[PDB]
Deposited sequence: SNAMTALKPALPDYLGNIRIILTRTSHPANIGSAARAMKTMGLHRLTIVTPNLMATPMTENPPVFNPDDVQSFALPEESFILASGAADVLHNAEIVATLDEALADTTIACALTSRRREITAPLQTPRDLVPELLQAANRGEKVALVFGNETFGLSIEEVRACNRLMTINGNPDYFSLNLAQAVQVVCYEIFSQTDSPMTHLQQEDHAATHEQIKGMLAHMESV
């Protein structure tokens, strides 16, 4: 028989941070939908001018309502354009993670804690999503990746391994690899029990002693 997409996929967020290339946003939507993910958040885009986008929109933290993604993005999304139309555009990674319980930063050994592969981290993400918790995968700038404050806002380090002597994986290929891994694991059996983990907003409150007893 044929398996339906698990509902828990609706709880997985793809988060793109400080994106330069409008095309990459389009690719990301295309990669996501193909692997059954529909929830995209764009955080502080700094879109460069391209052959297809002479005039990149400029992002305004005070007036997010004005922000319109370039035609180029929509073009590259194809039949995944809906995903872009439903994207949350947001000014801080904090706001984007507000209600998530797990958030993986994609980085490389540019240095300190243990990195985990998508193979190893996806099970934990899937169970969490299955429990009704929002979970997120966070991607940084094409050139710069995630700043160290961005990385610190996440509670998991994710790496994609490969050839130690040569490694060249662009952001679209990285989003593709991660969405593939996620989907590749949806044949896992899931226990339906009774959970509550704290969200990122709640964790911020507690660290700042802003909780109310």
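Stretches of the deposited sequence lacking C-alpha coordinates, numbered from 1: 1-6, 118-119, 204-205.
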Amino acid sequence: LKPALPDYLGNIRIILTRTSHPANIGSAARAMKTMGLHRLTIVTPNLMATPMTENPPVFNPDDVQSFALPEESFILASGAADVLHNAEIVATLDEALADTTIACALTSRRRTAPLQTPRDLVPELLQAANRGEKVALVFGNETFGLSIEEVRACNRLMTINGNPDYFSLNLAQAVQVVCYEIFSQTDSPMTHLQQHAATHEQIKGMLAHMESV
From here on, numbers count along this sequence of modelled residues.
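Relative to its counterpart among 133-141 and 82-90, 82-90 has the higher mean temperature factor, C-alpha atoms as listed in the PDB entry. Set 184-192 against 40-48 and average the Cα temperature factors; 184-192 ends up higher. Between the residues 65, 34, 168, 176, it is 65 that shows the highest Cα B-factor in the PDB record. Compared with the other modelled residues of the chain, the Cα B-factor recorded for residue 101 ranks in the lowest third. In the deposited entry, the Cα temperature factor of residue 53 sits in the top third of values across the chain's modelled residues. In the deposited entry, the Cα temperature factor of residue 14 sits in the bottom third of values across the chain's modelled residues.
Among the modelled residues of its chain, residue 203 has a C-alpha B-factor that falls in the middle third, as given in the PDB entry. Annotation for residue 27: C-alpha temperature factor in the lowest third relative to the rest of the modelled chain, per the entry.
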